[PDB]
Amino acid sequence: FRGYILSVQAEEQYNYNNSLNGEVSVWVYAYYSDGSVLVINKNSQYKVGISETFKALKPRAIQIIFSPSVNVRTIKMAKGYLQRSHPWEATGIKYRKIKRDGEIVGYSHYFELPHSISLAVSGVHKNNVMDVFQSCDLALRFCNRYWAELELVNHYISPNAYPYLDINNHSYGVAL
Amino acid sequence: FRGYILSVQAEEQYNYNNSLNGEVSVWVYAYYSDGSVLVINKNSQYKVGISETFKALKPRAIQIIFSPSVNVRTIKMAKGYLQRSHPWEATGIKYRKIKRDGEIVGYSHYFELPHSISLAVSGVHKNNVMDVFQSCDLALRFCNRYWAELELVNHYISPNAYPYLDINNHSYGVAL
Amino acid sequence: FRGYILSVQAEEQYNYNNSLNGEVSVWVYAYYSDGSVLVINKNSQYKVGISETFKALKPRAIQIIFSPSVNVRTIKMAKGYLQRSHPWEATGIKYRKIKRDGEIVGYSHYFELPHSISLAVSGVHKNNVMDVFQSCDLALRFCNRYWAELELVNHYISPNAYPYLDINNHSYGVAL
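Chains as they are written, first to last, in the entry's author numbering: chain A, 12 to 68, 105 to 127, 136 to 170, 174 to 185, 196 to 244; chain A', 12 to 68, 105 to 127, 136 to 170, 174 to 185, 196 to 244; chain A'', 12 to 68, 105 to 127, 136 to 170, 174 to 185, 196 to 244. A prime marks a further copy of an entry chain.
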């Protein structure tokens, strides 16, 4: 009964987090020319996005990670002539699934930048208008820098149970 | 007629400010370990919220204040494990009314922080979709720091006719 | 056929940029007491706005410029007593058209400031709800300072094909 009630209560949050009331989160990792990882996090209800400008301090590559509640088909990205520029690309196809014990812990899109990048990304939850408007207002933004990837892995990634893929293609995350 | 027209024209803005065309405002006061008060203000139409990160410069407590146009039932707050975190609490019950001459001048929710806090709050007006979207774009954000509460009271609170509750539980504001 | 296909393919973007899928852009130029021009740009789908605070470094005047996709009637502005303040003015009437070869390249509203200004502006495109919400998340914000107007004209304005009006009332932009 300590394992029955423990596991009959563990699945009372995967069928909740995946149920609109569940948040949807995104991380944008900017990997820098000195190996330091800067990470913007945003968590929100209904939909979530990030819009930041990444410049010297020089940025080399990008990883964007969604919680498994996102509708991968809904992801869009806007990278920065105005008269002939499209407002975004639907890059969901380019996201690789991050698995732990055969469970999706997140989705990772990784790409390098040619040797200052401006970046926006948006995704919607898997699935009244005033509720969504409030959700924009309640989205919480966390922004941190880490000197080396291991430092981010050891103190940002592993303590917080966050889905990740480090530089040797090791998947971090927690199966539920 | 100088008092008739003066008071028959004074109520031609309480039945307007409370009529959607009326703004709805929020103040988040962060009270700091050296007694200084930092204040974020935001005013907007239809709905209004604040999302800021409060860190050292160390923050000790918080007061959030709504203009009387908010629907107190609509207020939500998001304070900052991701897999089991709710996106907000409905904290309207916890707001005390701020009265002046028996009139509600605002609503105040005060709480202390355990001895860096991240904070979002949202509220909706008392009571087409493109109008609300524009309203997000037109929300104006004012951010100030004050060395002591009296300095905030004397130069931020009393000059601007803003509803407030200082540390001795004195209510500031203007009846209309 | 090098001019037929060249010009039968040139109009396959003015009837696109003006078709919702087309972005809508705004620039807010803050002209400073030392003649330096600071410029905030934002581009987006469906609707676009800017909300910035302009202070010393002192700001003297403002020019706001819309791409020709905006509905000029939709423009609103919010400049910063709370109990009697309107949330915005509909300033579309005050915008002058910027023409190049008899074609509208943008709309310019210019005004001076009395001798720290807070400013928001919003406009909608000329002409499902989740698409607009994502569009807020995907709006890209560019912010630059230039030491003199000529420097902005020469390196920000002329290279990027941006509609502009400099201080001698010369219209910059590209006809399409």
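Heads up, the beta-carbon is just placed ideally off N, CA and C, and yes, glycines get one too.
Taking 7 Å as the cut-off, decide whether the C-beta atoms of residue 205/A'' and residue 221/A'' are in contact.
-> no
DSSP on residue 151/A, reduced to helix/strand/coil?
-> strand
What are the boundary residues of the alpha helix (DSSP H) that residue 27/A'' is part of?
-> 25-28
Cutoff 6 Å; reference residue 167/A''; Cβ partners in own chain excluding five residues on either side = 108
Quick one: which chain A'' residues come within Cβ less than 8 Å of residue 233/A?
-> Residues of chain A'' passing the Cβ test: none, with the nearest at roughly 23 Å.
Supposed contact pair residue 111/A and residue 37/A - C-beta distance, whole angstroms, cut 8 Å | 7 Å
Could you tell me the distance, in whole angstroms, from the CA atom of residue 133/A'' to the CA atom of residue 150/A'?
-> Residue 133/A'' cannot be located in this model; chain A'' continues from 127 straight on to 136.
With DSSP collapsed to three states, give me the class of residue 170/A''.
-> coil
Beta carbon proximity, residue 124/A'' to chain A, threshold 7 Å | no
From the beta carbon of residue 38/A'', is the nearest beta carbon of chain A' less than 7 Å away?
-> no
If you drop the 5 nearest sequence neighbours on each side, which residues of the same chain put their C-beta closer than 8 Å to that of residue 120/A''?
-> 145 and 147
Would residue 62/A pass as a contact of residue 178/A if the rule is Cβ separation under 7 Å?
-> yes
Give every residue of the same chain whose Cβ lies closer than 6 Å to the Cβ of residue 39/A'', excluding the five residues on either side of it in the sequence, and list them in chain order.
-> 51, 61 and 111
Heavy atom of the ligand FAD less than 6 Å from the Cβ of residue 113/A', yes or no?
-> No copy of the ligand FAD appears in this structure; indeed no ligand is present at all.
Secondary structure at residue 106/A, three-state DSSP: helix, strand or coil?
-> strand
Residue 128/A', DSSP secondary structure in three states = Position 127 is followed directly by 136 in chain A', which means residue 128/A' is not present among the coordinates.
Could you tell me whether the Cβ of residue 136/A' comes closer than 7 Å to any Cβ of chain A?
-> yes
Residue 24/A' touches chain A'' at which residues, Cβ-Cβ below 7 Å?
-> 138 and 139
Comparing the C-beta of residue 243/A'' with each C-beta of chain A', is any distance below 7 Å?
-> no
With DSSP run on the structure shown, which of helix, strand or coil describes residue 225/A'?
-> helix
Span of the beta strand (DSSP E) around residue 62/A'' = 58-65
Give the residues of chain A' in contact with residue 33/A'', contact being defined as C-beta atoms less than 8 Å apart.
-> By Cβ distance, chain A' contributes nothing, its closest Cβ being about 16 Å from residue 33/A'', past 8 Å.
Contact list for residue 106/A'' against chain A', beta-carbon separation under 7 Å | Near residue 106/A'' there are no residues of chain A' at all, since even the closest Cβ is about 16 Å away, more than 7 Å.
Per DSSP, residue 52/A' is paired with what?
-> 38/A' and 210/A'
Interface partners of residue 185/A'' on chain A, CB under 9 Å = Result: empty, since nearest Cβ-Cβ is about 15 Å, beyond 9 Å.
Counting contacts by CB-CB distance shorter than 7 Å, is residue 216/A'' in contact with chain A?
-> no
Integer-rounded CB distance, given that residue 153/A should sit under 8 Å from residue 231/A = 5 Å
Just curious, the alpha helix (DSSP H) that residue 16/A'' is in, first and last residue?
-> 15-18
Determine the contact status of residue 246/A' and residue 176/A', defining contact as a CB-CB distance below 7 Å.
-> Residue 246/A' lies beyond the stretch modelled for chain A', which goes from 12 to 244, so this question has no answer here.
8 Å contact criterion, which residue 237/A'' and residue 224/A'' should meet: CB distance rounded | Actually they do not touch by this definition, with Cβ atoms about 18 Å apart.
If you draw a straight line from the alpha carbon of residue 43/A'' to that of residue 170/A, how long is it in whole angstroms?
-> 34 Å
Whose C-beta lies closer than 8 Å to the C-beta of residue 2/A among residues of the same chain, with five residues either side of it excluded?
-> As displayed, chain A neither begins before 12 nor continues past 244, which places residue 2/A out of reach and without an answer.
Grab me the residues of residue 137/A'''s own chain with a C-beta within less than 7 Å of its C-beta, minus the 5 sequence neighbours each way, in chain order.
-> none
Using a cut-off of 7 Å between C-beta atoms, extract the partners of residue 46/A' located in chain A.
-> Within chain A, no residue comes near residue 46/A'; the closest Cβ sits about 27 Å away, beyond 7 Å.
Could you round the C-beta distance between residue 118/A' and residue 181/A' to whole angstroms and report it? I think they count as a contact, below 8 Å.
-> 7 Å
Per-residue contacts from residue 201/A'' into chain A (C-beta, under 7 Å) | 58 and 200
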